[PDB]
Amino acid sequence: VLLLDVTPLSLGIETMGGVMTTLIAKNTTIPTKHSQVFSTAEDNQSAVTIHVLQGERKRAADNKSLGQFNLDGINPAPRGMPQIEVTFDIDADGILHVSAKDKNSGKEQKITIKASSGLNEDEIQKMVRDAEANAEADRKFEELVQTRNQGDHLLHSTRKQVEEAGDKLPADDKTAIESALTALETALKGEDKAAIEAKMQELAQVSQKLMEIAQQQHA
């Protein structure tokens, strides 16, 4: 072949923290199909918004929006338990089919994106260009979002563990733990990575007795 049709830009979805998660890597030859199983951000979340993105930037907002759609009817569950499988299928005509399917309920919703949608050749080059021009800033944003996402996980896991602990947890421990949880929740509202890591650190320092009770409860 003298020619290949290839993706000029990565393709994916917006995930928690406002980042782009790539399902199809830049310069993939089509037809191609990739899928990944995602889950929910919130306890008892009934729906997920599937925001389809084209671009090379870490921040979702910095990429091209190809469109979006929701999948609802998600049954009550703890965050991170539902299995929402997201498939990007680009066919021989260059049409992108995106689906989101709930493996519990079997419910599925799709968006179809025409071969001609997305960024034109100029904008593509502008995008490849900006992604190299901002590689460092994007890397910093990835580290921030990853830190906030971890701290959110610690926030929530710890709160569940406090509840499960009940009276097993000494009063002084609970005082120290909740004040650290409150401060971590606040730090998670900003974009100061150092701040988040300092509250996470505080929580690790004050939670030892709680870790031991939680480890024991499921031992």
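Think of the rigid core as the biggest set of C-alphas that the two forms share within 1.5 Å after superposition. Don't overthink the numbering: it's just position in the shown sequence, from 1.
- Taken in 9 other deposited structures of this protein and fitted on the core, 145-153 and 73-81 differ in how far their Cα atoms move from the shown form, and the one that moves more is 145-153.
- Between 5-13 and 192-200, the larger root mean square Cα shift in 9 other deposited structures of this protein, once each structure is superposed on the rigid core, falls on 192-200.
- Between 126-134 and 112-120, it is 126-134 that carries the larger average Cα temperature factor according to the deposited entry.
- Relative to its counterpart among 65-73 and 164-172, 164-172 has the higher mean temperature factor, C-alpha atoms as listed in the PDB entry.
- Across the options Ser35, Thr158, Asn27, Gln45, the residue with the most elevated CA B-factor in the record is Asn27.
- In the PDB entry, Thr87 places in the lowest third of its chain by CA B-factor.
- In the PDB entry, a CA B factor belonging to the middle third of its chain's modelled residues is recorded for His153.
- In this PDB entry, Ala194 carries a Cα temperature factor that places it within the highest third of its chain's modelled residues.
- The entry lists a Cα temperature factor for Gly80 that places it in the lowest third of the chain's modelled residues.
- Among all modelled residues in this chain, the alpha-carbon of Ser99 has a temperature factor (C-alpha) in the lowest third.
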